[PDB]
Structure formats: C-alpha cells, structure tokens
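Working notes, beginning with the structure itself.
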Amino acid sequence: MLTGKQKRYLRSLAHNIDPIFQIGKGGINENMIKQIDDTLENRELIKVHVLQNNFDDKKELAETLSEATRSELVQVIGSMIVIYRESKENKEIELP
C-alpha cells in the first residue's frame, strides 16, 4: 500500500508521535498486536515500541508486524517502529 515517497512524508509524522502499543522483548506477540490491531485500526499512523533490542532484528519483526498490521513500515526508530495502516477514515493523512 505505501510507496517510497509516502514513507518519507509519513515516516516524519509518526516520528514526533508516541507509541501506545509496546511489544515485549521476546519479539512480536499477537496479544500485543491484538491491542495494536484496534489501536492502528482506529488511527492512520502507528508508531510501535518493540523491545527486540537488536536493530536488524527489530526490522525483521516489521516483516511480521507490517504483514500482520496490513500496513507498511515507513521506518523504524531504535525500539520504535513507524508504520502506516491503510486508509479507512478520512484523517488528515498524506501519501503522494
């Protein structure tokens, strides 16, 4: 759904925002996504805080988080993941 140019614009949008769903250190747990699911299903931009600790590993989690969140990782900030879930509610979202 998201494309290169959309990631840059949106990647900054979720950068100054705070994560409301947090993944444990084990990796990505559905219980955590159960909340992220409703959390992101309501908003358009979701910045998640994952405790994978590893940097290249946190990205792999997006492979599972993005594919499960039906969204697209605009970027990953340390222990935070920046993703954009498809559009449903006309929120002031950009995506050229």
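Residue numbers start at 1 in each chain; chains themselves are named A, B, ... in the order of the structure tokens; ligands are numbered from 1 in the order shown.
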
Which polymer residues have any atom within 12 Å of an atom of residue A:17, counting only C-alpha atoms, with same-chain residues fewer than 5 positions away left out, as a CSV table (one decimal) with N, CA, C and O atoms, in the first residue's frame?
chain,number,residue,atom,x,y,z
A,10,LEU,N,5.3,10.4,5.7
A,10,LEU,CA,4.7,9.7,6.9
A,10,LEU,C,5.7,9.4,7.9
A,10,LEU,O,5.5,9.5,9.1
A,11,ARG,N,6.9,8.9,7.5
A,11,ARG,CA,7.9,8.5,8.5
A,11,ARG,C,8.1,9.6,9.5
A,11,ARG,O,8.3,9.4,10.7
A,12,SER,N,8.1,10.8,9.0
A,12,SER,CA,8.3,12.0,9.9
A,12,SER,C,7.0,12.2,10.8
A,12,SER,O,7.1,12.6,12.0
A,45,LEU,N,-1.7,6.5,11.4
A,45,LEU,CA,-0.3,6.4,11.6
A,45,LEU,C,0.0,5.7,12.9
A,45,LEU,O,-0.5,6.1,13.9
A,46,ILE,N,0.8,4.6,12.9
A,46,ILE,CA,1.1,3.9,14.2
A,46,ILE,C,2.6,3.8,14.4
A,46,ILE,O,3.3,3.2,13.6
A,47,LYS,N,3.1,4.3,15.5
A,47,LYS,CA,4.5,4.2,15.9
A,47,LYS,C,4.5,3.2,17.0
A,47,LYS,O,4.0,3.4,18.1
A,48,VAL,N,5.0,2.0,16.8
A,48,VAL,CA,5.0,1.0,17.9
A,48,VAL,C,6.3,0.9,18.6
A,48,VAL,O,7.4,1.0,18.0
A,49,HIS,N,6.3,0.6,19.9
A,49,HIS,CA,7.6,0.4,20.7
A,49,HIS,C,7.9,-1.1,20.8
A,49,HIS,O,7.3,-1.8,21.6
A,77,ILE,N,12.5,3.4,14.4
A,77,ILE,CA,13.3,4.3,15.2
A,77,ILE,C,13.8,3.6,16.4
A,77,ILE,O,13.1,3.5,17.4
A,80,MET,N,11.4,1.7,18.4
A,80,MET,CA,10.1,2.1,17.9
A,80,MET,C,9.9,1.8,16.4
A,80,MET,O,10.8,2.0,15.6
A,81,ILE,N,8.8,1.3,16.0
A,81,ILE,CA,8.6,1.0,14.6
A,81,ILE,C,7.6,2.0,14.0
A,81,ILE,O,6.5,2.3,14.6
A,82,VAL,N,7.8,2.6,12.9
A,82,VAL,CA,6.9,3.6,12.2
A,82,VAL,C,6.2,2.9,11.0
A,82,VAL,O,6.8,2.6,10.0
A,83,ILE,N,4.9,2.7,11.2
A,83,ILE,CA,4.1,2.1,10.1
A,83,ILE,C,2.9,2.8,9.8
A,83,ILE,O,2.3,3.6,10.6

Any idea what's packed within 10 Å of residue A:44, counting only C-alpha atoms, ignoring anything in its chain fewer than 5 positions away? Could you give it as a list in words?
residues 10, 14, 39, 71, 83, 84, 85, 86, 87, 88, 89, 90, 91, 92 and 93 of chain A

Selection from above, N, CA, C and O atoms, as an mmCIF file, in the first residue's frame, can you write it?
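The result, written out as result38.cif:
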data_model
loop_
_atom_site.group_PDB
_atom_site.id
_atom_site.type_symbol
_atom_site.label_atom_id
_atom_site.label_comp_id
_atom_site.auth_asym_id
_atom_site.auth_seq_id
_atom_site.Cartn_x
_atom_site.Cartn_y
_atom_site.Cartn_z
ATOM 1 N N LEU A 10 5.298 10.356 5.681
ATOM 2 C CA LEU A 10 4.686 9.746 6.884
ATOM 3 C C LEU A 10 5.731 9.357 7.925
ATOM 4 O O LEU A 10 5.503 9.475 9.112
ATOM 5 N N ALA A 14 4.946 10.029 12.139
ATOM 6 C CA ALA A 14 4.956 9.126 13.336
ATOM 7 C C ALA A 14 6.215 9.350 14.188
ATOM 8 O O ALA A 14 6.340 8.814 15.271
ATOM 9 N N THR A 39 -5.821 -0.426 18.030
ATOM 10 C CA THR A 39 -5.161 0.907 18.113
ATOM 11 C C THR A 39 -4.905 1.471 16.714
ATOM 12 O O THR A 39 -5.274 2.586 16.406
ATOM 13 N N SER A 71 -0.283 -2.990 7.199
ATOM 14 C CA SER A 71 0.226 -1.608 6.997
ATOM 15 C C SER A 71 1.623 -1.651 6.362
ATOM 16 O O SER A 71 2.110 -2.700 5.992
ATOM 17 N N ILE A 83 4.901 2.707 11.190
ATOM 18 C CA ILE A 83 4.127 2.054 10.093
ATOM 19 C C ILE A 83 2.861 2.838 9.761
ATOM 20 O O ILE A 83 2.338 3.576 10.572
ATOM 21 N N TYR A 84 2.359 2.663 8.573
ATOM 22 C CA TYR A 84 1.118 3.371 8.172
ATOM 23 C C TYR A 84 0.051 2.353 7.753
ATOM 24 O O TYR A 84 0.167 1.693 6.740
ATOM 25 N N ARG A 85 -0.985 2.233 8.527
ATOM 26 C CA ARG A 85 -2.075 1.274 8.185
ATOM 27 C C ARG A 85 -2.970 1.867 7.093
ATOM 28 O O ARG A 85 -3.192 3.060 7.056
ATOM 29 N N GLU A 86 -3.436 1.038 6.185
ATOM 30 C CA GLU A 86 -4.302 1.512 5.050
ATOM 31 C C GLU A 86 -5.271 2.627 5.485
ATOM 32 O O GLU A 86 -5.447 2.903 6.654
ATOM 33 N N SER A 87 -5.918 3.259 4.547
ATOM 34 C CA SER A 87 -6.861 4.342 4.905
ATOM 35 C C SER A 87 -8.266 3.789 5.055
ATOM 36 O O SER A 87 -8.681 2.899 4.340
ATOM 37 N N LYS A 88 -9.009 4.331 5.964
ATOM 38 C CA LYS A 88 -10.394 3.869 6.156
ATOM 39 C C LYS A 88 -11.209 5.080 6.581
ATOM 40 O O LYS A 88 -12.248 5.385 6.028
ATOM 41 N N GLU A 89 -10.696 5.805 7.538
ATOM 42 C CA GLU A 89 -11.374 7.039 7.989
ATOM 43 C C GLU A 89 -10.597 8.229 7.428
ATOM 44 O O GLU A 89 -9.408 8.357 7.635
ATOM 45 N N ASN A 90 -11.257 9.073 6.697
ATOM 46 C CA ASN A 90 -10.578 10.252 6.078
ATOM 47 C C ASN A 90 -9.898 11.131 7.130
ATOM 48 O O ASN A 90 -10.405 12.161 7.526
ATOM 49 N N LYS A 91 -8.730 10.743 7.546
ATOM 50 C CA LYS A 91 -7.963 11.548 8.531
ATOM 51 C C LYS A 91 -6.975 12.405 7.749
ATOM 52 O O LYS A 91 -6.665 12.094 6.619
ATOM 53 N N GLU A 92 -6.496 13.486 8.305
ATOM 54 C CA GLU A 92 -5.541 14.340 7.537
ATOM 55 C C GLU A 92 -4.255 13.548 7.277
ATOM 56 O O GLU A 92 -3.242 13.739 7.919
ATOM 57 N N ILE A 93 -4.318 12.634 6.345
ATOM 58 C CA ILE A 93 -3.148 11.779 6.019
ATOM 59 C C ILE A 93 -2.571 12.159 4.648
ATOM 60 O O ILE A 93 -3.294 12.439 3.712
#

Can you pull out the residues contacting stretch 32-37 of chain A? Cut-off 7 Å, using only C-alpha atoms, and skip same-chain residues under 2 positions away; I want them as a PyMOL selection string.
chain A and resi 21-23+29-30+39-41+69

From the set A:8, A:95, A:25, A:31, which residue has the shortest atom-to-atom contact distance to residue A:79, counting only C-alpha atoms?
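Nearest to residue A:79: A:25.
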
In chain A, DSSP alpha helix (DSSP H) residues written as JSON, numbers by chain:
{"A": [4, 5, 6, 7, 8, 9, 10, 11, 12, 13, 30, 31, 32, 33, 34, 35, 36, 37, 38, 39, 40, 41, 42, 55, 56, 57, 58, 59, 60, 61, 62, 63, 64, 65, 66, 67, 68, 69]}

Shell around residue A:3 at 9 Å using only C-alpha atoms, local window under 5 positions removed, as a list in words
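Selected residues are residues 72, 74, 95 and 96 of chain A.
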
Taking the DSSP assignment computed from this structure's backbone, write out as a PyMOL selection string all residues of chain A that belong to strand (DSSP E).
chain A and resi 22-23+45-50+71-77+80-85

Can you write out the residues you just picked, keeping C-alpha atoms, as an mmCIF file, in the first residue's frame?
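Once written, part22.cif looks like this:
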data_model
loop_
_atom_site.group_PDB
_atom_site.id
_atom_site.type_symbol
_atom_site.label_atom_id
_atom_site.label_comp_id
_atom_site.auth_asym_id
_atom_site.auth_seq_id
_atom_site.Cartn_x
_atom_site.Cartn_y
_atom_site.Cartn_z
ATOM 1 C CA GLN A 22 4.522 -1.953 23.174
ATOM 2 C CA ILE A 23 5.955 -5.368 22.219
ATOM 3 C CA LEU A 45 -0.261 6.377 11.568
ATOM 4 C CA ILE A 46 1.097 3.947 14.179
ATOM 5 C CA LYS A 47 4.491 4.193 15.907
ATOM 6 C CA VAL A 48 5.001 0.979 17.907
ATOM 7 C CA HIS A 49 7.610 0.414 20.651
ATOM 8 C CA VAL A 50 9.186 -3.058 20.193
ATOM 9 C CA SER A 71 0.226 -1.608 6.997
ATOM 10 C CA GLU A 72 3.629 -0.520 5.606
ATOM 11 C CA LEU A 73 6.735 0.360 7.667
ATOM 12 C CA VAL A 74 7.584 3.956 6.783
ATOM 13 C CA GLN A 75 10.552 3.476 9.181
ATOM 14 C CA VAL A 76 11.948 2.100 12.390
ATOM 15 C CA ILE A 77 13.325 4.329 15.183
ATOM 16 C CA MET A 80 10.096 2.146 17.904
ATOM 17 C CA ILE A 81 8.568 1.040 14.581
ATOM 18 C CA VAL A 82 6.927 3.556 12.218
ATOM 19 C CA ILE A 83 4.127 2.054 10.093
ATOM 20 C CA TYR A 84 1.118 3.371 8.172
ATOM 21 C CA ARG A 85 -2.075 1.274 8.185
#

Quick one: distance from atom CA of residue A:2 to atom CA of residue A:38 in Å, one decimal?
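These atoms are spaced 19.9 Å apart.
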
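The residue that comes closest to residue A:66, out of A:28, A:94, A:43, A:4 and on the basis of only C-alpha atoms, is A:28.
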
To one decimal in Å, tell me the separation between atom CA of residue A:65 and atom CA of residue A:19.
14.2 Å

What is the atom CA of residue A:26-atom CA of residue A:53 distance in Å, reported with one decimal?
9.5 Å

From A:15, A:1, A:27, A:78, residue lying nearest residue A:60 [only C-alpha atoms]:
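For residue A:60, the nearest of the given residues is A:27.
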